[PDB]
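Chains A, B, C, D and E, in that order, are what the protein sequence lines are. The numbering of the first sequence is this note's numbering, which starts it at 2 and goes up by one. The numbering of the second sequence is this note's numbering, which starts it at 34 and goes up by one. The numbering of the third sequence is this note's numbering, which starts it at 34 and goes up by one. The numbering of the fourth sequence is this note's numbering, which starts it at 34 and goes up by one. The numbering of the fifth sequence is this note's numbering, which starts it at 34 and goes up by one. Below: one structure, written as structure tokens.
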Amino acid sequence: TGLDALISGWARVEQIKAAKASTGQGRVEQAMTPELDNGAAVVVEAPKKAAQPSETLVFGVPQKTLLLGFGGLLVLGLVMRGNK
Amino acid sequence: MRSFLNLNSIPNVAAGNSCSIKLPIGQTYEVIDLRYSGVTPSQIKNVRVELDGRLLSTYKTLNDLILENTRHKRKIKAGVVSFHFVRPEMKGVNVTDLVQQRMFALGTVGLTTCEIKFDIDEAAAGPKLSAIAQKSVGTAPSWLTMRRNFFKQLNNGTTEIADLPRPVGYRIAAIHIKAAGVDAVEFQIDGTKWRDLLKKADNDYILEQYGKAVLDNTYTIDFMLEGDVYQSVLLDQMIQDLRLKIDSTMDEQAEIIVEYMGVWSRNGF
Amino acid sequence: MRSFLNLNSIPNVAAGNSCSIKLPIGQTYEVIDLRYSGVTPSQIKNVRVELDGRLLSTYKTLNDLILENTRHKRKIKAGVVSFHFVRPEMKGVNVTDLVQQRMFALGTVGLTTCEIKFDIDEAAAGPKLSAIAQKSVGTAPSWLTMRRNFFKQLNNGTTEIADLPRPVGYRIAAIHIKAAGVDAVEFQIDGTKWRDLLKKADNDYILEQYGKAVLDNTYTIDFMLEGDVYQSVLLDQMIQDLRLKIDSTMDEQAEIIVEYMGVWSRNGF
Amino acid sequence: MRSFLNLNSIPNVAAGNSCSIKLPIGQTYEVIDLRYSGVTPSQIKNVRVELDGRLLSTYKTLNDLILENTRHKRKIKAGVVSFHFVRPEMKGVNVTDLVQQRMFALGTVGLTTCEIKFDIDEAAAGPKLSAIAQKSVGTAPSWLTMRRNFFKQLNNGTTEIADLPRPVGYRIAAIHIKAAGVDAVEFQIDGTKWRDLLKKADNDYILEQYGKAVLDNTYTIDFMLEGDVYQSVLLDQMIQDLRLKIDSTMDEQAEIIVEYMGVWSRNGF
Amino acid sequence: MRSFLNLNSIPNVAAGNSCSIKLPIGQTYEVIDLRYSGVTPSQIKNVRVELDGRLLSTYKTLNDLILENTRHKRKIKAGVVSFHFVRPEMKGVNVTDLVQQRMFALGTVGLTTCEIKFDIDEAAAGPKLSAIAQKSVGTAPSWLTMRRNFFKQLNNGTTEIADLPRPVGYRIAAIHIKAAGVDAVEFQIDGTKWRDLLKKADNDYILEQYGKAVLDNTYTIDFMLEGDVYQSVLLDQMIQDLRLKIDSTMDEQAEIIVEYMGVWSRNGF
Ligand SMILES: [Ca+2]
Ligand SMILES: [Ca+2]
Ligand SMILES: [Ca+2]
Ligand SMILES: [Ca+2]
């Protein structure tokens, strides 16, 4: 977290509000907003990122699949030597 | 375009009653004009601005809000007192002045409740209160001013106050020492003397020098005299000492007003 | 089968003397009944339970042990004070209640020394102390309750205490704030508010709701109200912030009692 | 770890008003502490616990909730009344006591709305109500206690009540006959006399024998005296007759309270 | 589901008469509530619980049953005395508490006769006795409590009692020494001192410490203070000495009550 980097965000938050205020369509967008005491909130933690487990599995299966390819290409290469 | 609305009627406005100004969630409240009659500002006690049940700002009496506005030389009118969420004195450094001022507006997006509670004194002649709202497009609570109240005893000689809350990431716009016998004050952080032992007359001269009005029986330490938010005290975690050295001439209990600032949080200050 | 033994005579029991209850190693001590006369519980200062010379639990005075038992509504008798190692209020979740309670017994197997030191006040009329032990088969010290003492300054307003020891792998059964002007308290871990700013009257109601007795000038935060050990605070090696927000009305120094829990280690907490 | 929260402010608390305690969905509510003042428990009428708009439990007045807690000898405090969803008196047979008690907690997972509606009497002096929630990890509504109200005319002589709802798969924890002239009662299912014509004095003795408190002008038929849920009446689809034979001495209107139990279903009892 | 039945009328209830409560065989008797009037509990002498003609438990007078219940702090009501076969104080170690308590219930399956005989004193004013049974599904007699009576003379000084019956495979829950001048007692098995020479005040303190009530002119040696059946004395065959060392201050004859336990046998204790 950076306080100056946040404050910029709040300064830049006002710029996008100013973009709406300049145009007539920005005013009509805000027309539907009402005032009531009924809200549907959802405040909860959320996980981020994942590295190593999917990799190890997705390195095991293709390496074997490739190795089977080499074995097939080798026997095809070796059989062409027999036809010489 | 802004919208000026006549807020819903305040329920049960009577002497000795505990009323509240419940604000509808959805938009942003820049200013709230509270009209009063049949009661004095001092008769409107324990004013609290609450977001989701949590305290944001507190005023011992409505008169403190009148003094808050008077200090910045804002328009004062008898029979009306405004809640200036948007700070008109703000000046931008890397953004426009307008952006820096509006950034303090009371956004309600994501909020469950927005209230302005207060108690009407029993001596109130015939209390009559109404409110008008100057609103704008909805925004999260975000950057807000958090007025906090503290009571400390002062001696006749030197008094030091170093136990002021230091919420991490937050800032301090100003500190108001409400006492009648304060001669000089000194402010320091980690030994560093940011404010020398300045005599009241000298401190008050600098205040007025920046378009501010000196409040009676108050020693104001304005950290945003230029209107620059980045001149305010940044409550950095590594801070080990936030001290105030008060030179008084009387033995009394002072009301220390601290204007905090920071991004409002469901689980913050 | 348990064994009830009349512990050996306590050496040099006199006013102003520093005595100790040396426990024989080999078995398990579930409860230790200390009979006293010619002296007040408050006159028995600095009570320390030591295992191998290290501190396990500490009591400023023997009166704190009386209050500890009173809180759980345990049998209190004048002239006697018991050390309840086995926690009778424990309830099993995946094991029997008996197993969960006995799991706190003071096993001595592998120990070199087991002592209960204390100082007899000089004002003691004519101190007379004897002890009886309710023992059972020997076990390692294992899971034990570790009562720790902390002193912190409380302000009139809001005080925050976030520097409480967080021994890794250990748990916190409860926290007792000993102060006369505490109005409300809030407990949070990593921003998460596990205990909202609960008013004393409300907190005390929940305590009594679980068969507990409210102690005078004390704000108890019981994390094991149901008797379930898994409800206590698990001091995860990943917790970033363990904070306490105290709303006081007085400016005093509070004695914070923290009941820790964990498998005793020769080089541990 | 449990969480103690100060529920949001109850909207429009005034005499003659119809208020509601809207509970946020997501977690589990073990207990709800309702603080009241400026109004009597009897002045809080038609208390309804609704899940998804459907009725779960009903109380003619808040005083019936006070009596419900008093009967089990739960902690009673003036100015506060708790909603014990988790049944502290439960005892496990093939599971731990804790599991059997917590199994009654009000889980909200999958719910759209969880409300506690009630009406404030017009005579209410100056009603003031607030609520605190003792919550735990979220769970489906699942096994819940369903308090149902029934009114029947009792004769001077013998009266029989066999038209009590028998929701299939559900159970009956207890039946409370609220009348002032009931001498003896007999309970039978399919001719089988599970409860002989027991005199009030004899029935009340058994109740007290299990730590229960006898309620005034009430004949309680506790089917869970031991705390064992499997002792309650299992409403089998094959049951042909569920009868109650009441021997009264007065001609009056009795309020029959039936404590049902079962897995909550959006389209069930 | 349990069944509460009004037992058949007790035949020939009159002063100086020898009556009996013949229990119908087939089910399990958890508790038997005996209502009495026109006679004192002390006027109901020689109470014997017989299974198939063999003595199970014996009470010199019905007052001893009242004291037995009082000791465990069970609900006591004037005009009624209950026979608690199921032990409510039992706590499970590897089974639930409920299972450990119900295991003491009086099962009648396989029995030919189940009786509760007693003699009504001649001085009885106008004896009136009735009984109510709290029954459950039938089970064999199985694990039962066998209260036995013994009379031994005490000296003023030390008296040793080592001739107490030691039925093989059976256990001893407790021993009650009924004498007015007992100062301290010591219990040992094969030289091993399981209970040091504990002073009455110290022994009584431990008893109360476990929710028990101290009986007048009685020194109770509770081997099941925790409610754990496996803490009781196991009368192992290889036992060579079961001794009791009583320190009295009077020369009198004491009534020694021994609460035995074991699986009931047609040809056992
Ligand atoms: Ca803002
Ligand atoms: Ca242990
Ligand atoms: Ca449930
Ligand atoms: Ca049995």
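No residue lacks a Cβ here, since even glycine has one placed at the ideal position from N, Cα and C.
Under the three-state DSSP convention, the category residue i falls into
{"i": "C/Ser298", "result": "coil"}
{"i": "B/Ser42", "result": "coil"}
{"i": "E/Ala207", "result": "strand"}
{"i": "E/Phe256", "result": "coil"}
{"i": "C/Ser265", "result": "coil"}
{"i": "D/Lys245", "result": "coil"}
{"i": "C/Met179", "result": "strand"}
{"i": "A/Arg13", "result": "helix"}
{"i": "B/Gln186", "result": "strand"}
{"i": "A/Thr66", "result": "helix"}
{"i": "D/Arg276", "result": "strand"}
{"i": "B/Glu285", "result": "coil"}
{"i": "D/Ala234", "result": "helix"}
{"i": "A/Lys21", "result": "helix"}
Interface flag, residue i vs chain D, CB-CB below 8 angstroms
{"i": "E/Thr61", "result": "no"}
{"i": "E/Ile272", "result": "no"}
{"i": "C/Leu230", "result": "yes"}
{"i": "C/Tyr238", "result": "yes"}
{"i": "B/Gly86", "result": "yes"}
Under 8 angstroms between C-beta atoms of residue i and residue j
{"i": "E/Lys55", "j": "E/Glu148", "result": "yes"}
{"i": "D/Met294", "j": "D/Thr178", "result": "yes"}
{"i": "B/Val262", "j": "A/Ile8", "result": "yes"}
{"i": "C/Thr61", "j": "E/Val126", "result": "no"}
{"i": "C/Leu84", "j": "C/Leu162", "result": "no"}
{"i": "D/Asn250", "j": "D/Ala212", "result": "yes"}
{"i": "E/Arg120", "j": "E/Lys245", "result": "no"}
{"i": "D/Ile153", "j": "D/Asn50", "result": "yes"}
{"i": "D/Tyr203", "j": "D/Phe137", "result": "no"}
Minimum Cβ-Cβ distance from residue i to chain B less than 8 angstroms
{"i": "A/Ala42", "result": "yes"}
{"i": "D/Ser169", "result": "no"}
{"i": "C/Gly190", "result": "yes"}
{"i": "D/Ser42", "result": "yes"}
{"i": "D/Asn96", "result": "no"}
{"i": "C/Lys185", "result": "no"}
Residue i at chain E interface by Cβ criterion, 8 angstroms
{"i": "D/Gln242", "result": "yes"}
{"i": "D/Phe256", "result": "yes"}
Residue i CB to nearest heavy atom of ligand 3 below 7 angstroms
{"i": "E/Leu89", "result": "no"}
{"i": "D/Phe137", "result": "yes"}
Ligand 2 heavy atom lying under 7 angstroms from the CB of residue i
{"i": "C/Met294", "result": "no"}
{"i": "C/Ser175", "result": "yes"}
{"i": "D/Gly112", "result": "no"}
{"i": "C/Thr172", "result": "yes"}
Check: residue i C-beta below 7 angstroms from any heavy atom of ligand 1
{"i": "C/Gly244", "result": "no"}
Neighbour flag for residue i against chain C, beta carbons, 8 angstroms
{"i": "B/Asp196", "result": "yes"}
{"i": "D/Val113", "result": "yes"}
{"i": "E/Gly125", "result": "yes"}
{"i": "B/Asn45", "result": "no"}
{"i": "D/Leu38", "result": "yes"}
Any chain A beta carbon closer than 8 angstroms to residue i
{"i": "B/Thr145", "result": "yes"}
{"i": "B/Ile58", "result": "yes"}
{"i": "B/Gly260", "result": "no"}
heavy atom of ligand 4 below 7 angstroms from residue i C-beta
{"i": "E/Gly140", "result": "yes"}
Which whole runs of the beta strand (DSSP E) in the segment 102-177 of chain E are 3 residues long or more, in chain order?
113-117, 147-153 and 161-169
Within the segment 54-104 of chain E, ranges of the beta strand (DSSP E) (whole runs, at least 3 residues):
61-70, 77-84 and 87-94
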